[PDB]
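Descriptive structure summary
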Amino acid sequence: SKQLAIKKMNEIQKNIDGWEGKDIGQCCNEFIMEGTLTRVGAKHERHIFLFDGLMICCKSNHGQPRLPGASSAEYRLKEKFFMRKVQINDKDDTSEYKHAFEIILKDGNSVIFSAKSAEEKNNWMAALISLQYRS
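Residues numbered from 1 in each chain as written, not as in the entry; some residues may be left out. Heavy atoms only, no water.

Its PDB header attributes the entry to solution NMR.

Printed below as a string of structure tokens:
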């Protein structure tokens, strides 16, 4: 039960709130990108929180229920990863859409995401190569 790393996200989403200005971590928080990002050209993106090195995401699990206190609630964080040894690249799609970014893991997967906007797209992509420059 060594979730000491997965336990930080909790104290990171409540001990510092959720924004892109204040920061509680030294080099693994400060929510470098608190907004919304998707996974490539998906139709259901999810909330995201970039910790200038970490990559967390949140979203309703069983959709929104009629009301809490009736059958059971399951709302909570979604998934989390380590965005520090990864690199975000770009593609040659059309300004119309599909202009997301494709990051890759060094194990055998690819962290491709897509913001529902123009600045939001190039936003998370820059928050990644931004930490690589140094952190």
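Re the pairing of strand 7 (residues 110-113)
Where burial is concerned, the two faces of strand 7 differ: the one with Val111 and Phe113 is buried and the one with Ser110 and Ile112 is not. Pairing of strand 6 (residues 101-104) with strand 7, which is carried by four bridges, proceeds in the antiparallel orientation. Looking at strand 7, one finds that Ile104 is bridged to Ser110. Linking strand 6 back to strand 7 in an antiparallel pair, the connection comprises five residues. (Buried < 20%, exposed > 50% of the residue type's maximum accessible area, 1.4 Å probe, protein only. Helix = DSSP H or I, 4+ residues; strand = E, 2+ residues; numbered from the N terminus. Pairing = 2+ DSSP bridges.)

Considering the layout of surface pockets
Counted as a void, the largest pocket has a volume near 380 Å³. Together, 15 residues line the largest pocket, and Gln13, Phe49, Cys58, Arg76 and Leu77 are the ones closest to its centre. Put simply, the parts of the chain that give the lining of the largest pocket at least two residues each are helix 1 (6-14), strand 2 (46-50) and strand 3 (54-58). For the lining of the largest pocket, the leading source of residues is helix 1, giving four residues. (1 Å grid on protein atoms, 1.4 Å probe; cavity = no way out; pocket = protein on both sides within 12 Å on 5 of 7 lines; lining within 4 Å. Points joined across faces, edges and corners; volume = space filled by probe spheres on them.)

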